[PDB]
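What follows is one chain in structure tokens, specifically the form solved without ligand WVV.
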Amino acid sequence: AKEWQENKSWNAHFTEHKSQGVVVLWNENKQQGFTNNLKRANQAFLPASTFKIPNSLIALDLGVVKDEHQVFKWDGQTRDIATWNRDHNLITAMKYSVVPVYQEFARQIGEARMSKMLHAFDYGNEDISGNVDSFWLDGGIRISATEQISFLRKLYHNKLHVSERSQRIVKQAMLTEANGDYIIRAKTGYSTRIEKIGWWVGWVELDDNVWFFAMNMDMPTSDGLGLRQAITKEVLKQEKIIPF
């Protein structure tokens, strides 16, 4: 039984944009996965921006974040992203990938509780070597695209070892697009520093099905998140998951 099928025709979406990477899709109803590259789908990388999901979940479950309205005041330090130089709540911190807010969450969670929770989540290699407030950006943690799918499916089903409340709040914060045809929950691909790999992970909710996606790509000459989203959407449109 092959729960993972390879479709090399999606490689054209990478080659036409002079890029190299993987797209992994999971059809929830059919319990079947699809990818352009099975080997790369299983290669583990630094989670970087995708770590906002487990970080926020742990912060809510432990009461570091009381609710999605609690204000995290700006520290007064001027940074190069204008949207970071203001107060935020969980929703806006996710919207604008406000790394200083997530660093504050990680410091409050602390090393021991962060490690215990990643082990409880079965999250990637569960290795958090590095500064407690930067290990997902320059430390020892690694996760593959197929492991991102397994983690996101548990989140979708409220099956992670954290409160149902924390899972519902994080899914609300992940909201990125909604129209009369579909909803996309993601808010995970923004790159805040130089990394070898960029990501885009999340899911597409349809009336009678959910399609999980996890993609990663090598750093190209100039393109980034916009391109990662474009290639993923080109694949979703090819598979008739979302309309053209």
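For every residue, the number given is its place in the sequence shown, counted from 1. Heads up, when I say rigid core I mean the largest set of C-alphas that superpose within 1.5 Å between the two forms.
When 26-34 is weighed against 48-56, 26-34 comes out higher, by mean CA B-factor as recorded in the entry.
In this entry, 190-198 has the higher mean Cα B-factor, the comparison being between 190-198 and 210-218.
Highest C-alpha temperature factor among 142, 79, 165, 119 per the entry: 79. Reading the B-factor column for the CA atoms of 156, 136, 123, 84 in the entry, the top value corresponds to 84. Ranked within its chain, residue 73 lands in the highest third, by CA B factor from the PDB record. Ranked by C-alpha B-factor against the other modelled residues of its chain, residue 181 falls in the highest third. For residue 161, the recorded CA B-factor ranks within the highest third of the chain. Only modelled residues enter the ranking. Residue 112 sits in the highest third of its chain by CA B factor, as recorded in the PDB entry.
Keep in mind the form solved in complex with ligand WVV is missing from the figure; the text below concerns it.
The pocket of the shown chain is blocked, since ligand WVV, superimposed from its pose in the deposited complex, puts 3 or more atoms within 2.4 angstroms of backbone or C-beta atoms. The candidate site formed by 97, 225 and 228 is fully in contact with ligand WVV in the deposited complex, as each residue has a non-hydrogen atom within 4.5 angstroms of it.
Comment: ligand WVV is not present in this chain, but in the deposited complex one of 35, 56, 216, 188 has a heavy atom within 4.5 Å of it, namely 188.
Contact with ligand WVV in the deposited complex, judged by any heavy atom within 4.5 Å, is made by just one of 156, 105, 84, 123: 84.
Stretch 89-97 is the answer when you ask which of 111-119, 142-150, 89-97, 156-164 has residues with heavy atoms within 4.5 Å of ligand WVV in the deposited complex. For the set 189, 47, 54, 202, a Cα shift of at least 2 angstroms between the shown form and the other one, after rigid core superposition, holds for 189 and for no other residue. Closer approach of the C-alpha atoms of residue 47 and residue 222, by 3 angstroms or more, is seen in the deposited complex than in the present form.
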